Amino acid sequence: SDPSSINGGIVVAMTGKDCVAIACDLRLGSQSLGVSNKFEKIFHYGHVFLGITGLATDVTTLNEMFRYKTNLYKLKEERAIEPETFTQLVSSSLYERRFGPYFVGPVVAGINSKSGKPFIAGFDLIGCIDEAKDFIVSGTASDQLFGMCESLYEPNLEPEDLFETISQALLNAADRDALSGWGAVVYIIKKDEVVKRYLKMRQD
Amino acid sequence: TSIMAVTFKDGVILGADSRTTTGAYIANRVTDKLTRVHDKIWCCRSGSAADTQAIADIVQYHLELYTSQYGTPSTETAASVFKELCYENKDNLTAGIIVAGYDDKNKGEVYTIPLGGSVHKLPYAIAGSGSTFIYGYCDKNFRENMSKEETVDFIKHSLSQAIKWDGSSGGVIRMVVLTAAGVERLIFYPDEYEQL
Amino acid sequence: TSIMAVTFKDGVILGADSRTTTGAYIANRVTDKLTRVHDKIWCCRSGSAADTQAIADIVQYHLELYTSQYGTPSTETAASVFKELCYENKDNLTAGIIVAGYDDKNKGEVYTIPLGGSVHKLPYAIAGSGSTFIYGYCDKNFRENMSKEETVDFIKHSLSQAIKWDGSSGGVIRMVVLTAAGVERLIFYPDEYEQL
Amino acid sequence: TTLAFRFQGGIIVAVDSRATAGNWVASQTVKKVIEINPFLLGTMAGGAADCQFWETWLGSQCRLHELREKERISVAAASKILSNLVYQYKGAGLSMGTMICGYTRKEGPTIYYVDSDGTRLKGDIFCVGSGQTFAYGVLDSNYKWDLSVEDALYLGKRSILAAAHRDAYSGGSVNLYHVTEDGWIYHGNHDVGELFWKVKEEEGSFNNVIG
Amino acid sequence: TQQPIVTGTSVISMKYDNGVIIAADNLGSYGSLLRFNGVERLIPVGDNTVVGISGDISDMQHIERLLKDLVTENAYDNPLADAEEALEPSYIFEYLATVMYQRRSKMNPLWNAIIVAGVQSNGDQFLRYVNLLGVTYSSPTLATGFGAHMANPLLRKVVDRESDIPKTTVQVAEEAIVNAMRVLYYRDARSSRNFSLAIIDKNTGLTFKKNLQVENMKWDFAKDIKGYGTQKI
Amino acid sequence: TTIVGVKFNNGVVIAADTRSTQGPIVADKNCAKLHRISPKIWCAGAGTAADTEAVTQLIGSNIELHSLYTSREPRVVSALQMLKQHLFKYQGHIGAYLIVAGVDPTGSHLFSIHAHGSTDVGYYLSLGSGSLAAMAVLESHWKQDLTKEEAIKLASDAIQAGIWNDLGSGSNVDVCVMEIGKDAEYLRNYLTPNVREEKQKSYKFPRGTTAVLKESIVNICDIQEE
Amino acid sequence: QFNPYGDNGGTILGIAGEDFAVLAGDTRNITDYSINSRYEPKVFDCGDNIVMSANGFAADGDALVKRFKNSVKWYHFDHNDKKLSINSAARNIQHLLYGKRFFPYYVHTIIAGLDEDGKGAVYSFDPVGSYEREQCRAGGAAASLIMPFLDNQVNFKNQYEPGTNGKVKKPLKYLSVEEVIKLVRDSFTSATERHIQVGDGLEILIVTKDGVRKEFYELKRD
Amino acid sequence: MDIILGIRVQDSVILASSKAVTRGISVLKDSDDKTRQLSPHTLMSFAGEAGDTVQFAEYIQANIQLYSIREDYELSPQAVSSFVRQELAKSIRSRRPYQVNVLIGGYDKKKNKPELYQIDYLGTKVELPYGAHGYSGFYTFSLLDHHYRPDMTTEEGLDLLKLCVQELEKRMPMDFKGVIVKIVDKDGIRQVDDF
Amino acid sequence: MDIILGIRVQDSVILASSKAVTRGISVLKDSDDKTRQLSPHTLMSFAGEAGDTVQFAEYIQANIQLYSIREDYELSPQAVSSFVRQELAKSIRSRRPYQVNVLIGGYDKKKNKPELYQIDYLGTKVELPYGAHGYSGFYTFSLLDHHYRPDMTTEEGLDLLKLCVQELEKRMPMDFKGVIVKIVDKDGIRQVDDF
Ligand SMILES: [Mg+2]
Ligand SMILES: [Mg+2]
Ligand SMILES: [Mg+2]
Ligand SMILES: [Mg+2]
Ligand SMILES: [Mg+2]
Ligand SMILES: [Mg+2]
Ligand SMILES: [Mg+2]
């Protein structure tokens, strides 16, 4: 009945040295019933990555909406939208539904193509921006993720160390949440390569 | 309801209006709200009529039995018996009682027992729905050690105003004077007090 | 809140306490509840602060536009504009407003607009949660055609008592005097009025 | 998820290991088979305390019975002591759904489903919990009276695995028991994480899942 | 279950180098009506303890009688009633805490928050809180009701931790307490100007001050405040 | 949240803590609660954080357009009037509680505004869950004719009282000083009294610790020529 | 309507080592957004080498600890000063808790000590007295922040040997008491950062065959 | 209505849908076909609130038939399922939402692949090898998880389905009066007429 | 539980009672016997709230068996049904009433007559040629009203019962898993073992 925990799922993002990572579980359920183990929650529009947790219908709607808007942005601006700019657009878009909101917890990650600066941000369902230097968490196991990230995280991790840190933060958070898991993906993002990794994890 | 009791030089005086209502209907316009629990210990009752009558009947019984065994009870003792009933049965009572009495040692005394069954000894006390409207008037006009005539005037003017503004108060103003000399009953009609 | 307005020989005086509470917390202890809607038409506000500020701002706008087109509005006209807003939006407002003003034709006038948006022209008026406690005092002590000093005293003593008994009233007593001579602001501090 | 079934070799009892408070996984190491005595097993579903408390109390009543009568209590009598007790409390908010399992000389292998609203049912296959419907599917389509002990144990394990996979509130590990006339025998704790991959590979099941 | 009718507001207190201080105003409110103006809410027990009580006044008067009856009873068959077998602050507290928790457990609480302040036989400061739920706790400063929100922040600037206690004189502590009482008078709508203050010192015993008033009040700045935004006159 | 405003000699100062929470969890440890309405009109917000940001941005936008239209520097009373009329119309559903301070050609100003649209005037104000702790400090130490240095001191002490005593507040003090005839100076993390101590252990993992099923390169580049 | 319950915050943590056990708790006591005390001890030595914490509603927690201490006293009186073993203490506490099944002690109880072979032991209870022996258990406000970290760093969950890519688990080595205490301090340091009810102080009781020792550490006070 | 299942095998999609229609106390009908053909190679089954199910299904059917005529072209199963999802996502924030859950089984003639989409009344869409709505999945998924292979023939799909329906008839309290089974493949849509 | 029917023919009473036991979402059992023999020529079937049904039935059985031993005598069906009615009438004003409805089919050896009593949980008793509890009567009474004759044989009673059960299996939404049928006559109580 609480719309933000009908389907379950989590997203976490972290900054490292000249890189960012964003990861998510793959579960979609209807409360206790596991429905799909291939429901990816991270999307990208050019070099800007967006993870969305919460009500799955809204996750899909918002992805389609932001693809729509970033496509038009690109045709008119003649350049790809940047993480800072896209973050404002997500916030604007969510707040326009102030009194009938999308039941989601979005997370933005990417590197500004001009400055090279790593960027992450999180939002409540109504567009309030949390722009963290270290990490952002979202979903039905967000308490668990805060616990994992707060002790596992250290600044300036090299991409390959950041991968282990974020993977372990996700995996162990998810295993303490009934509604998260059933697979996981980790994106490691640098200024001109992105690598995507599917993790092996318990399937209960 | 508008009720008060006021200590003065020679003792204490109790006053009350005479209106009891069921909603907006005046079920009785000549009620006697000044109730005797001992010869020179009286009380004014507010809240549930059923409750305050039950309580006063029980207190009267207690003080009758106290008198048989130990002689005349003090006003404080009477207040304590009231309080015991009001405090211990607070969940099942709606009663706000002012206790007034005359001793020869202690002279005039006034105790108020509000809703929760706490007790408060005071130079004078006001209660009932009508009392809200005369907190300012009474506080400005009360003096200690007034004469009998002054105290009658103070109460008469006070309850005049309570009756004027409170729809649940009205009728006659009744008073009972408690002094060394005895027990005197007074009554004042609308045509007197409305012109004050 | 304790607010009042009193007509006297040379015009009208408005008075108010300065306390606004959120539950038991005093959110502001130096509030100005005497609000100007025209040069010599003021009002005292009680009820929802949001509502009464919104209403007064709208009335001020209306009387500014009225003045531009038709010259100085009467106090009655100001009361009528207040009433129109309070009456037509009664479902969505909690506002009890006293309107006071000085004309040279009409001199001092007082109108009270209680909760339902009715209007009542009166020699003086009291409102706010604190007013309940001074109905008796004010009714006994008000006279028509008092002097300025007497009217200041009447209001000061009245609001003194309202503040004494009402937890939602307190702080300083503010007044605004409206006469042919101009607009005078007065303030009285606790150490003065508490000793009255 | 908890299950018990009767077969030629006695009774198989299989349970998962997970306890949750809302979505929070409180424990993955819960012991859901309560060892009433060396011959009797009960399963935990509903309230953890109500099951623990009253089924170890049941063990005490069973022990007193056999001291007084110099004979093993029947599963019929043991299960009825529990059901009569919880029935006394009916309406007060006990929560219990349990299988009382034993194997006596007079009865053979016997299972009673006992429940906090006073139900007491004898039967061959029971499955209780949020994952029960998943377990039943595997049980119903593979069950025979003539399973070997080895195949019966696997079937019980495989049925809990099915539940653990699909039911969000089931998982952690599988506990297995085999109840014989001479007492129950524990057949170990099996982490679902490792068990799932092992079964997927050896069986070729769960093709929907990438490994 | 009931509801409080006539009520007392904050009780505030702190430890200092040689003892404890406790204070509470003299008002008994009846909702928003400031009904009763000479109510004593600090109740001394012997010469080493002061029990300060907020919340329902009828229940306060009951507790006060329990304490008086405790003193009577402790003296029974007790030759050392005014010496080694006098009531300690810690005995008085434990008793009250037992009563409060039992009453909540019968779904019939005494609707109060209580601070027991005193000095033990060995000179140790005692300060501990108990309320209608039976919840108890200790801290170098304690306050009930509004006092918890406004007094504690101020009192904690004087004694912020255990090691600050021996550095805090009775003059500094009393002045801190008196300032907190002024602040509560400014900001608590159910407070009064009149209060009582008690010091329990291991050398000078119990000093009980009645009829104190809040003074040195700042109101002058109010004359400059006009309207609620745009008004100039 | 703890937020305060304090008038002084030649100006006004506002301050805030830097903790935002979701129930009992700290979402952000270094939140920015001091918002710019215009160069010399700043506000601090308590309540629903999206609303305090949104209402501040909207009125800030309209204030900037008003400024261009009238060729005049924005006034605090305009921000106040536009804020309160917007909030009033939404009947408290926009959960913005604000302290609005600034300097303009007319002088220096300090107001508070409540979600339903009521406003107030004062020399010292506090809002948020930490406001009773802050107000205790302000009522103890405020006086008429404070200097700039005294007002900054008082404002941050008041925030500190919230930080230490209110569970809803924490981390750092942000300050903004608006003085007549000067640029507004925003002092981000003016105080930093809550740096985390070093951990006992490093939790950096050996590489290859995590089990991986698949890797692939993700194409973030547009469709390629040739 | 009178609500007989409250929430005093607090977070507790018990870990069983090979020949020792620790029970740790923060020393902050709260109601709503206020701090009642920055140092109100919540982990107690109960005698017979048993330590106990009943976290949640502090009135119920204090009542339970007090009753258990008393039960230890009467066990000595009734059974010739026999030492109350940790498993026996645990069963006894189940009966104290279940006795109020229909008006529960609103607490999460943890006890720690050594079993009868000298091995570290921790038992964990729900409010109405279901219990289990455990290696690792956090309770109270920040339990959900702490447990996943412990799963990873005590039990090496989701960690495999580098080079085997998931084929070989990280093997479960035994931790020293110094190691365990590091994990406790980092657990509480992290919880303090992200949970408003956690802070002020950390008190750890350590149980070995030599008895019960204490350690105290400051936590952030915001 | 009640049970709707789907399974995608090697070369086809099979939809099984119960026949009962129950108005509270009486089974009014035992031959109800809970499905609409949207285009020659796309079938949609549905269940949920009375009236809204058939209204929604016929509305979707009319729209896809309109598109087919306008463009002289059959939309892909993916395109149809996206259209249906958007309609339900828009409906969930309506004055009165369609309370309708659907399965879409289509054969994509361009990719030569069967496809099964599961969409609930919120507009939650997922592509699956097999799926269901309501309680049907609770009884059948443990069987499908065990036996399913992506290379099954149509007849093996039907046999696995028989087993699913047998488990439903055993453990489900309600009498759903059997199922109507339809196959979607490269040649279109046909009804298995004994099941 | 759900369906319980009874019919009194020429020389016997026949009780038919469903076999399903349903705990919410799953049919836990499909061979449940919802009946107790109270004495050699008296049978009681029952339905209502879980737990209370069997507790009440075994309590009544224990009491009638006690009476039988004490007096070395079998109470008449009328006497047993009056005892049962009083127990339910007392129970309805209890702290927690037995939520149990019963049929009592007995053969009175003194009058040589079959008798059927219908008693609901309030202690409402009626003697009938045929009866039922719950919704069973709504589907079956129009058939019984038509075909019933007081001189029917046992086999005609069973055939009329088959027809009643067929109508229930057609129009009733719940799957009650068939019925167990028992006959009470001059020789006692027996179970028809194929139905
Ligand atoms: Mg999980
Ligand atoms: Mg699972
Ligand atoms: Mg006042
Ligand atoms: Mg899952
Ligand atoms: Mg409104
Ligand atoms: Mg913290
Ligand atoms: Mg779906």
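About the cut-offs
- Residues numbered from 1 in each chain as written, not as in the entry; some residues may be left out.
- Chains lettered and ligands numbered in written order.
- Part of a larger assembly, values for the part shown.
- Heavy atoms only, no water.
- Contact = heavy atoms within 4.5 Å.
- Buried area = accessible area lost by both parts, 1.4 Å probe.
- Salt bridge = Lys/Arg side-chain N within 4 Å of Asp/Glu carboxyl O.
- Polar contact = N/O pair within 3.5 Å; in protein donor to acceptor, adjacent residues only side chain to side chain.
- Helix = DSSP H or I, 4+ residues; strand = E, 2+ residues; numbered from the N terminus.
- Donors = N, O, S within 2.8 Å, 3.2 Å for Na, K, Ca; no water.
- Buried < 20%, exposed > 50% of the residue type's maximum accessible area, 1.4 Å probe, protein only.
- 1 Å grid on protein atoms, 1.4 Å probe; cavity = no way out; pocket = protein on both sides within 12 Å on 5 of 7 lines; lining within 4 Å.
- Points joined across faces, edges and corners; volume = space filled by probe spheres on them.
- Nonpolar A, V, L, I, M, F, W, Y, C, P; charged D, E, K, R; others polar.
- Expected span 1.5 Å × (residues − 1).
- Pairing = 2+ DSSP bridges.
- Axes fitted to C-alpha atoms, helices over the stretch in contact; angles between N-to-C directions.
- Parallel < 35°, antiparallel > 145°, perpendicular 65-115°, else oblique.
- Left-handed = near helix turned anticlockwise from the far one by under 90°.

Per the deposited record, X-ray crystallography is how this structure was determined, to a resolution of 2.10 Å.

Caption draft 1: Structural context of the interface of chain F and chain A. In this assembly, 37 residues from chain F lie in contact with 39 residues from chain A. Here chain F and chain A share an interface that buries about 3200 Å² over both sides, 56% of which is from carbon and sulfur atoms. At the surface where chain F touches chain A, the tally comes to six salt bridges. Between A:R98 and F:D51 there is a salt bridge whose closest N-O contact spans 2.7 Å. Summed over the shared surface of chain F and chain A, the number is 18 residue pairs in polar contact. When contributions to the side of chain F that touches chain A are tallied by element, the ones reaching two or more residues are β4 (25-28), α1 (49-70) and β13 (212-218) of chain F.

Caption draft 2: Structural detail: the coordination of the magnesium ion (ligand 6). For the magnesium ion (ligand 6), the protein coordination sphere consists of G:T192 (O), G:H195 (O) and G:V198 (O), at 2.3 to 2.5 Å. With a relative accessible area of 4%, G:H195 lands in the buried category.

Caption draft 3: Broad picture of the pattern of salt bridges. Scanning the entire structure with this criterion turns up 109 salt bridges over all chains. Note that E:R193 and C:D191 form a salt bridge whose closest N and O atoms lie 2.9 Å from each other. Taken as a pair, E:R193 in the loop between α4 (170-187) and β12 (194-201) and C:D191 in helix α5 (residues 190-193) lie in two separate chains rather than in one. Given a relative accessible area of 9%, E:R193 falls into the buried group. Notably, a salt bridge pairs I:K111 with I:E115, separated by 3.0 Å at the nearest N-O pair. Taking relative accessible area as the criterion, I:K111 reaches 43% and is therefore assigned partly exposed. When salt bridges with common partners are traced through the structure, they connect A:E150, F:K29, F:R196, G:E193, G:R194 and G:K220 into a single cluster.

Caption draft 4: Molecular detail of empty space enclosed by the protein. Counting across every chain of the model gives eight cavities of 30 Å³ or more. Approximately 130 Å³ is the volume found for the largest cavity. Taken together, 17 residues form the lining of the largest cavity, with A:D177, A:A178, A:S180, A:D204 and D:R18 sitting closest to its centre. Partitioned by chemical class, the residues of the lining of the largest cavity number five nonpolar, four polar and eight charged. Quantified by volume, the second largest cavity comes out at close to 70 Å³. As for the second largest cavity, its lining consists of 13 residues, and the residues nearest its centre are E:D25, E:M181, E:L184, E:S191 and E:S192. Of the residues contributing to the lining of the second largest cavity, the split by class is five nonpolar, four polar and four charged.

Caption draft 5: Main features of helix α1 (residues 48-69) of chain D. Between the first and last C-alpha of α1(D) there are 31 Å, a value that for 22 residues agrees with the 32 Å anticipated at 1.5 Å per step. When we look at burial in α1(D), the residues that qualify are D:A49, D:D50, D:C51, D:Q52, D:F53, D:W54, D:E55, D:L58, D:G59 and D:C62. The inward-facing, buried residues of α1(D) abut β5 (33-37), β6 (40-43), α2 (75-88) and β7 (97-104) of chain D together with α2 (86-98) and β9 (131-134) of chain G. D:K70 lies just past α1(D) and shows a positive phi near 55°.

Caption draft 6: Seen up close, the sheet that holds strand β12 (residues 188-192) of chain H. All names here are of chain H. Spatially, the five strands line up as an open sheet ordered β10-β1-β2-β11-β12, and their pairing is antiparallel. Both outer strands of the open sheet, β10 (130-133) and β12, are each paired with one neighbouring strand and no more. Sheet twist, expressed as the average angle between the axes of neighbouring strands with direction ignored, equals 15°. Note: strand β2 (residues 13-18) against strand β11 (residues 179-185), six bridges, orientation antiparallel. Paired with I14 across the strands is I183, a residue of β11.

Caption draft 7: Summary view of the arrangement of the chains. Comparison of the 16 pairs of chains in contact shows the highest number of contacts for chains A and F. For the non-touching pair chain E and chain I, the nearest C-alpha separation works out to 23 Å. When C-alpha atoms are compared, chain F and chain I, though not in contact, are closest at a spacing of 36 Å.

Caption draft 8: Region of interest: the packing of helix α3 (residues 146-158) of chain E against helix α3 (residues 131-141) of chain F. Between α3(E) and α3(F), the shortest axis-to-axis distance is 8 Å and the interhelical angle comes to 55°. When the axes of α3(E) and α3(F) are compared, the pair comes out oblique. The element α3(E) and its partner α3(F) pack so that their crossing is right-handed. In this structure, α3(E) uses E:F146, E:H149, E:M150, E:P153, E:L154 and E:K157 to contact α3(F), whose residues at the interface are F:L132, F:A133, F:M135, F:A136, F:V137 and F:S140. Class assignment of the residues belonging to the contact of α3(E) with α3(F) gives a composition of nine nonpolar, two polar and one charged.

Caption draft 9: Up close: unusual backbone geometry. Residues and elements named next belong to chain A. Even without being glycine, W182 reaches a positive phi, approximately 55°. Within the secondary structure, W182 sits in the loop between α4 (159-174) and β11 (184-190). Take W182: its relative accessible area is 6%, and that puts it in the buried class.

Caption draft 10: Up close: the interface of chain A and chain D. Counting residues at the interface gives 21 residues for chain A, matched by 25 residues for chain D. Three residues, A:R176, A:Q203 and A:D204, lead the burial of chain A against chain D; their summed loss comes to 31% of the area buried on that side. Summed over the shared surface of chain A and chain D, the result is two salt bridges. One salt bridge in this structure joins A:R202 and D:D191, with 3.3 Å as the shortest N-O distance. Here chain A is connected to chain D by 13 residue pairs in polar contact. For the side of chain A that touches chain D, the element with the highest residue contribution is strand β4 (residues 33-36) of chain A, accounting for three residues. Residue classes in the side of chain A that touches chain D are distributed as six nonpolar, seven polar and eight charged.

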